[PDB]
Amino acid sequence: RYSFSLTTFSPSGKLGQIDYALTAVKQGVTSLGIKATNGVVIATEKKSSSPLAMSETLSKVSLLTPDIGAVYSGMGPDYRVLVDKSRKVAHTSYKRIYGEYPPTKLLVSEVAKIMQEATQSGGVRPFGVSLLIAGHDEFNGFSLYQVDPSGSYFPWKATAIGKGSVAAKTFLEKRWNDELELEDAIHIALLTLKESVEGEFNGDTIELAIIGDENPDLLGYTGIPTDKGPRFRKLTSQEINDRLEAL
Amino acid sequence: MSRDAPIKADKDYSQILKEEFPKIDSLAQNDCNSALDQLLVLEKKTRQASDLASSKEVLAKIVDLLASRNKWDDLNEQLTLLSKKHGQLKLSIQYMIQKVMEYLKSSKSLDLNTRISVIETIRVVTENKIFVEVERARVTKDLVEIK
Amino acid sequence: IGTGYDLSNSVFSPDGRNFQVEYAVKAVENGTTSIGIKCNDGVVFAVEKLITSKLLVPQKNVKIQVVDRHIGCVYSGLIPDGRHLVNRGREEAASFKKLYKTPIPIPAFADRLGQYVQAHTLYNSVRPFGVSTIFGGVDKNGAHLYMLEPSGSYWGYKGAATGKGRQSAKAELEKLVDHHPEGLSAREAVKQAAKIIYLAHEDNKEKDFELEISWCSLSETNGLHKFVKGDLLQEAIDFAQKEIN
Amino acid sequence: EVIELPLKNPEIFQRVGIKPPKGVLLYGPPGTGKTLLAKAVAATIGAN
Amino acid sequence: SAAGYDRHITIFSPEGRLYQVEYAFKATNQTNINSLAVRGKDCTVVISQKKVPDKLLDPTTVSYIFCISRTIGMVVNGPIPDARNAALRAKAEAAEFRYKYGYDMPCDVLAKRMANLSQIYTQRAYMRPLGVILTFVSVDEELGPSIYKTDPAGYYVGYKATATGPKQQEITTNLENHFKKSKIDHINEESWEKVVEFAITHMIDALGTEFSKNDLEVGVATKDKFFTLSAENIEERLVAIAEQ
Amino acid sequence: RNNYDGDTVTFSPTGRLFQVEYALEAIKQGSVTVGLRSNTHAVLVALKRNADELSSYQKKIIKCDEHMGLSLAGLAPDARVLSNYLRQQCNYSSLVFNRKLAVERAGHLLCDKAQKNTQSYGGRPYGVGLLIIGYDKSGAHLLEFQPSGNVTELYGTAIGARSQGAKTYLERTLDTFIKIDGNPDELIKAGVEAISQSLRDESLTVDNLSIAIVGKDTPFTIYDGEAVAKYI
Amino acid sequence: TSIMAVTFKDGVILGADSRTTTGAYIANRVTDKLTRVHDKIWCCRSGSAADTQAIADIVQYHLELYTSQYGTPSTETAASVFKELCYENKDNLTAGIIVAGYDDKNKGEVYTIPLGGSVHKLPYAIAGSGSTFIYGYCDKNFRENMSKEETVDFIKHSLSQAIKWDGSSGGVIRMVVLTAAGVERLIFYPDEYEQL
Amino acid sequence: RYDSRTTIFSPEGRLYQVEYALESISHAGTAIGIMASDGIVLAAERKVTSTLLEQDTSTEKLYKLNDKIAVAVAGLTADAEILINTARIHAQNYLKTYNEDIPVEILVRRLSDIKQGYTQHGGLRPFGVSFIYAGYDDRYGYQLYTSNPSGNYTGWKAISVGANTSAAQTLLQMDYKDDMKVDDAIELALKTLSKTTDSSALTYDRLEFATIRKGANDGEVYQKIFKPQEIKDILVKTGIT
Amino acid sequence: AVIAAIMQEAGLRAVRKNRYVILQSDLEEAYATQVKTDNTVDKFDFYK
Amino acid sequence: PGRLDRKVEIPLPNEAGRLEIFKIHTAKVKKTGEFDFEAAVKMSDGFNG
Ligand SMILES: Nc1ncnc2c1ncn2[C@@H]1O[C@H](COP(=O)(O)OP(=O)(O)O)[C@@H](O)[C@H]1O
Ligand SMILES: [Mg+2]
């Protein structure tokens, strides 16, 4: 009986709607994040269950702000709204209070806060997804965080989520080092993900992006050296191929 | 093929142009291709049983075509083209292919003509899988005997 | 079919239906026969209004209503549920006159109505409407006649029927279309409209009816809606009596 | 293909080494005439 | 199974997927029509079947293909009620984007705002999800021919060609074999007309049935424009097929 | 079946609503009143109940306006609400349009009120039938209100408990009383005759009658006691 | 800023002066005042600049929907949508808009909306601060249903007079021809019209 | 039963929802406040762990609400997030209004009221958070409270909420003294934690700590969340490592 | 289990072709049929 | 596995499958000449044999 409100607790505690939401997450695609000391690499694989469907149309790697991207595992529809609501809160709360994009630590709290509301009301369901959010800021360095449909956030050095989580997680535990390059971290990433699938593994269907060091290329304006380009950069298929060939 | 009136209506069309058959037959000596096209109008239609309407015309025509030493090449291209484009029911267009075997097998108009011609027939109906997959046997025996 | 899924009008069944919305159609079946006959220069509406107690005043209760002043509506099903739907149709038409300063297009009207039925199948405290509404008229683009089902679905029609005697009603309606390729002249489509409802009143034989026929005609009402009355209605009655015997 | 092939020759299935395949579940709404088809299959083989 | 919560889209299953949201994917075969859209090299063609079971209906009001805004089409599969509401929303959205942001709304931005709107309908309990698959077609100001299929869950994904309906799988395989053998992702025909002809050819093949000029409705996107063709313009294309 | 009767926003398989049918049953359970009319006059005659014989009755006739007024049968709570709303409509007509509100239009607004609560969650079908009379430009009219909201113009009708004996009677004399015109007295007489046959195990008293008349040149007036003792 | 719209047999040609004035300074030399709100309905703007601008876009939104939902709009229809906004914002906005458009069933129609808001079917309209000097010229020299060339000449002359007598008129002489043939732009330079 | 709303009562005048919400707090990690008459120490145990969980750069159950009162967290973290933010705003709102910092007793009362409101009113969950409050205000000196999720508070000289509540409380009161010392208090939290926890390592990665002292400087009040490398250093001294 | 079923369809098709042994075409066709995992999400493709 | 290994699904007779079914039946009973089978099949859409 305690399952089906959000209002009913079990005798043992906890709410079911949060528990069942976590079940949902784990059905979604295999996505993983590794924190490095000069980057963060965030990676997922993609499908469409029909080759007719194009694969750029989907985006499962989205820059949230120019310095902070995110992925998911879980239900597709829920991601797309929640990223819209997050960009929109990012401006309200912090791009009018700093006049630029918020630090990573801040924005984790704000997105986690929309989850908290989608549990608080009854007759409104949680969101179906768990995010990884990785970004970089000027005071806490490079960073990685997990934001659960619970409305709780957890800081992570490395984690994985989704269908291949349990296997990916033990591979990460062993293979991670405390000091890795951005470049080495990409190789641990492609490889980890290749556990989840083989023979249909190619750079076309694998989306893999980074938050590294500034790029002056995607800044789009030049002559003002007192602002930094996007820390986020999305890598293309052909570039992922260079790294997959090099393995 | 739904309703019995539209098949009849193509037989009327077929019948009027069968009177004119001696005129069609005259234009076949000038050039074989010219004579085929007037008949192709009635056989190539969206509706089926149209080479069962037009059965009366191609029965006579494929004898002249067969019998000549050049016209049987344009005959084979015609037989393959009906298969692919329409291929109507399981007995329709399939009849014209079948009638070619009867006349061909008995006649032996030349030995060179007969030997290649049979290959041409068997080719298309390996691909097919209906009523001329049964008739496939007929022309595969004839060919194998010569070899 | 199964238990549940009926109860609430936004619960989808394991069958890909919404049962509550079907159950409405069944309520419309029980209602009194209505038809619309489209023409190449008018629209005709006729309706079967049963008289169920003979202390009723004759020619005084109607399920015919006018909307704006150019569009006829007539409903089957539950009567007061049908009055509310034509009522929201009057507010919409009227709003339309202030904003755009023109009579409603008949397809424009149909769009607005179709949305209102869809909204009362869209919540959990509203009720799905248990009515069909045949309606239409004649406008800038000639005559159009539409029929709105209680599922929130509508289409244009050369002939529309709803009600009890609706199966009989469709058989005669089809005949009209085949013998008359132009789509039957509007005048004669009044006399025809009476006869079709007379044949439909034999599936309801127990109760008396009163025949009310109204029209909208480019030719014989100047593109305005008005009821058919006096000697004209009398002819339609006399014709219908003739051809049923 | 299921029944008729290995019955005439178990001999080909034995060359490959993969088992000759048996067991067919017939299903479909009633009145399909699948019991009539039971007869038609075995009518070809002349099987009892 | 059952218990709660095929009665609610705001209450999860022990599976983790909402059973009533899955029923909207079983409510899409309700009117038994099939759609095909393919991409040309400056046009998009979309064709869906027309059923007029009785002579009472006028085949001119029976359609599922809609003009959404100047450059934007949509074909709907599934019921008429959710079809109108979706179409309206889309008409309103297209119109709004322009006064806010200036120029013609791309196929992608429309599809995405309607997808986000579908997801909201499932978020709240006081609104149910829609019961339609929407297949939008446009030729884009800067991306050219584009097909975006937005499903009633709030999922949206693009296409090279797509098909929808109850006989979908047959059209889908038909298309796989075709686009694979050519070794391209487009049809290489350079007029809108010979792309409409090819589409006709392929739906006839896949379903396996000859259709008539009273059983097709065809909408054609060219760049900067959208139109729906009448029955007599549709015949020109048919007689082109019927004798080549 | 009988389980779809829980609420008003839900339909049954054959398609009804059990709540509207139930609101309908209530009319019968209450009071009895018999309405009838003539080309020149409209008259309502009704039985008033009292709890016991230390009770001094509860009136069932509500003067709406000086040209409209009604009787009730079923739930007294329900009635107080619909009458108050109707009174608002007559004053509105007077105020803004300078016009004695027509009986035909009036019933239709009453119908619109009824349906608001039938559609909605919360509310309830109104638990009362009303017989509305008035005399406007178009003469007398008599309307029969239902819990569904259907409004029905009659020469004579009756509702409430065991009211069919008035309906059998009225049917018999129908055309008889239609001819009666220019004579208010005789329509009161006919009306007393109709509600007598309906009664059984009770007969009329001075304080059981409330006779409500509006005619050609008379306003609406509710008569009581010694103005109903010429027709006791 | 004289703007006008004149009927003729095959249509309507809307005419304009592209001067835009904020006091004695010319704010911009060349700004067409003929702003399309639909494909075959176009509109003219005079009075306060900002107010007309605001209103115009609001009209395009109504007619974007009218096309989308209910099929082709009309000029009549369109001019009513002006009349609604101006009349409700008679105390905040001042817009002198001539709406004209070409129907295939009513031919060319011109409806002027004055500053309070009304609708007035008329063969011809002049509105603005530059029209109040050419009233005399226009009535006398006008005749209904000219042929296009003759139509061009009359419009051309009137707006050229308006620059001569009103200092808030000037820039290039714009016309937008709304015909069955399409929409045609026409433009004319001062070297040509000062003489004529 | 009488689970089904939170605005119901039961035949015994219990409410299952208040009991169930209470048991939620014994699902989440130990949290301990020990008051001494030379400081209050807050110590808490984590409820999550693994070699790739970061927990060596972060606190997540020690929040300074304002600048003289802080809380330890026990219960759900989602429930916790909103009420911590509300509590910090009201503590600090007082700051603005009266231009002196909020007293301990008022701020706990305020937040208990908010808690209670979710049970009293609407169709909402109660909030399943037990906050240990440690403050200083110059009216009563050092103050220790904890608030129940029922939404009431009682003062304390030592308390333990969070997992293994019963065991911890027994452990604390065996070795506690009224005279005490702040340094003996730190050692006492570390003593209790070894036993209570189900992890036998009990190393820095599992441990949070903050000590609030007015003996830190003189006339001044200092809230110090210790950093991870201090938490390690004190584990040698008590000898657990 | 998945491997036992691939070899099962591999030998069956061989017999249809009237070949006596498996044989890379028989292995390849049978591989792609019954890969297993994701084969009911084709219409529920909101899942990824 | 090893008892049932293959699944053969049986669906309905098709639009031109329904046609054949009439023919077997008419022969089996007595008739005076019937020919309306082209219409009758459309009426009998979706029937089992
Ligand atoms: N394909 C068919 N050809 C002819 N008769 C058929 C056909 N299919 C079905 N029938 C008819 O239906 C009858 C019942 O089928 P039966 O084999 O008893 O079915 P099930 O087990 O599916 O109920 C048959 O005996 C035959 O008359
Ligand atoms: Mg059987």
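Residues numbered from 1 in each chain as written, not as in the entry; some residues may be left out. Chains lettered and ligands numbered in written order. Part of a larger assembly, values for the part shown. Heavy atoms only, no water.

Draft legend 1. Up close: the overall build of chain C. Helix and strand content of chain C: six helices and ten strands. Dimensions along the principal axes, computed over C-alpha positions, put chain C at roughly 50 × 50 × 40 Å. Across the 245 residues of chain C, 61% fall into the buried class. When the 30 basic and 29 acidic side-chain charges of chain C are each reduced to a single mean position, those positions are 6 Å apart. (Helix = DSSP H or I, 4+ residues; strand = E, 2+ residues; numbered from the N terminus. Buried < 20%, exposed > 50% of the residue type's maximum accessible area, 1.4 Å probe, protein only. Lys, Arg positive; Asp, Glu negative; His and termini not counted. Charge placed at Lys NZ, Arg CZ, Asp CG, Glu CD.)

Draft legend 2. Spotlight on the nonpolar core. Formed by 54 residues in total, the largest nonpolar core has its most connected members in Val38(E), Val45(E), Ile47(E), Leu175(E) and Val218(E). Examining the composition of this core, we find that eight residues originate from one element, helix 5 (residues 192-207) of chain E, more than from any other. The contacts of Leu175(E), once residues within four sequence positions are left out, are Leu52(A), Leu36(E), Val38(E), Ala161(E), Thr162(E), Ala163(E) and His202(E). Residues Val44(C), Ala143(C), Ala161(C) and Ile33(E) belong to the second largest nonpolar core, which totals 47 residues. (Core = buried A, V, L, I, M, F, W, Y, C linked by side-chain atoms within 4.5 Å. Contact = heavy atoms within 4.5 Å.)

Draft legend 3. Inspection of the packing of helix 5 (residues 188-200) of chain C against helix 6 (residues 231-244) of chain C at higher detail. Residues and elements named next belong to chain C. Packing of helix 5 against helix 6 brings their axes to within 8 Å, and their N-to-C directions diverge by 50°. What the angle tells us is that helix 5 and helix 6 run oblique. By crossing handedness, the relation of helix 5 to helix 6 is classed as right-handed. Across from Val-190, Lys-191, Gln-192, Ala-194, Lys-195, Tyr-198 and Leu-199 in helix 5, the residues of helix 6 making contact are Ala-236, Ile-237, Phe-239, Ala-240, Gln-241, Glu-243 and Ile-244. For the contact of helix 5 with helix 6, the residue count by class is nine nonpolar, two polar and three charged. (Axes fitted to C-alpha atoms, helices over the stretch in contact; angles between N-to-C directions. Parallel < 35°, antiparallel > 145°, perpendicular 65-115°, else oblique. Left-handed = near helix turned anticlockwise from the far one by under 90°. Nonpolar A, V, L, I, M, F, W, Y, C, P; charged D, E, K, R; others polar.)

Draft legend 4. The interface of chain E and chain A, seen in detail. Facing 33 residues of chain E, the contacting portion of chain A comprises 30 residues. The contact between chain E and chain A buries some 3000 Å² in all, and 60% of this surface belongs to carbon and sulfur atoms. Together, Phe12(E), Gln123(E) and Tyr155(E) form the three largest contributors to the area buried by chain E at its contact with chain A, with a combined 23%. The tally of links from chain E across to chain A stands at zero salt bridges. Put simply, chain E and chain A have eight residue pairs in polar contact between them. If you list the elements that add at least two residues to the side of chain E that touches chain A, you get helix 3 (107-123), strand 7 (156-159) and helix 4 (168-182) of chain E. At six residues, helix 3 of chain E tops the list of elements feeding residues into the side of chain E that touches chain A. Class assignment of the residues belonging to the side of chain E that touches chain A gives a composition of 16 nonpolar, ten polar and seven charged. (Buried area = accessible area lost by both parts, 1.4 Å probe. Salt bridge = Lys/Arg side-chain N within 4 Å of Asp/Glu carboxyl O. Polar contact = N/O pair within 3.5 Å; in protein donor to acceptor, adjacent residues only side chain to side chain.)

Draft legend 5. Structural context of the site of ligand 1. As a structural note, the neighbourhood of ligand 1 is formed by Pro30(D), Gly31(D), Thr32(D), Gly33(D), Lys34(D), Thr35(D), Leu36(D), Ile21(J), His25(J) and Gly49(J). The local environment of ligand 1 is shared, drawing residues from chains D and J. Note that an oxygen atom of ligand 1 is positioned 3.3 Å from one of the side-chain N or O atoms of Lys34(D). Residue assignment for the shell around ligand 1 shows that the elements contributing at least two residues are helix 3 (34-45) of chain D together with helix 1 (18-28) of chain J. The biggest single contributor to the shell around ligand 1 is helix 3 of chain D, with three residues. In terms of residue class, the shell around ligand 1 is built from three nonpolar, six polar and one charged. (Near = heavy atom within 4 Å.)

Draft legend 6. Representation of the pattern of salt bridges within the structure. On inspection of all chains with the given rule, the structure shows 72 salt bridges over all chains. The partner of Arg231(A) in a salt bridge is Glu138(A), and the shortest N-O contact between them spans 4.0 Å. In this pair, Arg231(A) is assigned in the loop between strand 9 (206-211) and strand 10 (232-234) and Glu138(A) in the loop between strand 5 (129-137) and strand 6 (141-147), connecting sequence segments 93 residues apart. Each of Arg70(E), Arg98(E), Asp104(E), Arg36(G), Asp39(G) and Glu64(G) takes part in one network of salt bridges that share partners.

Draft legend 7. Spatial organisation of the pairing of strand 9 (residues 208-217) of chain C. All names here are of chain C. Of all ten residues in strand 9, eight are buried, a share of seventy percent or more. Of the strand pairs in this sheet, strand 2 (residues 42-51) and strand 9 are connected by ten bridges, and their pairing is antiparallel. Each residue of the ladder has a partner; that of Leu-50, found in strand 9, is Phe-209. As judged from the five bridges shared by strand 9 and strand 10 (residues 224-228), these two strands associate in the antiparallel manner. Residue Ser-214 lies in a different strand from strand 10, and its bridge partner there is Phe-227. Linking strand 9 to strand 10, which pair antiparallel, is a turn of six residues; within it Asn-222 sits at a positive phi near 70°. (Pairing = 2+ DSSP bridges.)

Draft legend 8. Structural detail: the sheet that holds strand 1 (residues 35-39) of chain E. Residue and element names in this part refer to chain E. Taken together, the five strands give an open sheet; going across it, the order is 8-1-2-9-10, and neighbouring strands pair in antiparallel fashion. Looking at which strands have only one partner, the edges of the open sheet turn out to be strand 8 (161-164) and strand 10 (225-228). Strand-to-strand twist of the sheet, defined as the mean angle between neighbouring strand axes without regard to direction, takes the value 10°. The pairing of strand 1 with strand 2 (residues 44-49) spans five bridges and is antiparallel. Note on strand 2: the bridge partner recorded for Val-38 is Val-45. Across the sheet, helix 4 lies against strand 1 and strand 8, angled at about 165° from strand 8, the strand it touches most.

Draft legend 9. Structural view of the arrangement of the chains. Most contacts, among the 13 pairs of chains that meet, fall between chains A and E. In this assembly chain B lies apart from chain C, the nearest approach of their C-alpha atoms being 20 Å.

Draft legend 10. Spotlight on the interface of chain A and chain H. With 30 residues of chain A at the contact, the number on the chain H side is 28 residues. Taken over both partners, the interface formed by chain A and chain H buries close to 2600 Å², and the fraction arising from carbon and sulfur atoms is 62%. When the area that chain A buries against chain H is broken down by residue, the three leading residues are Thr7(A), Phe9(A) and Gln120(A), summing to 24%. Linking chain A with chain H are zero salt bridges, by the criterion used here. At the junction of chain A with chain H, the criterion picks out six residue pairs in polar contact. Elements represented by at least two residues in the side of chain A that touches chain H include exactly helix 3 (104-120), strand 7 (153-155) and helix 4 (165-175) of chain A. Among the elements that line the side of chain A that touches chain H, the one with the most residues is helix 3 of chain A, at four residues. Split into classes, the residues belonging to the side of chain A that touches chain H amount to twelve nonpolar, eleven polar and seven charged.

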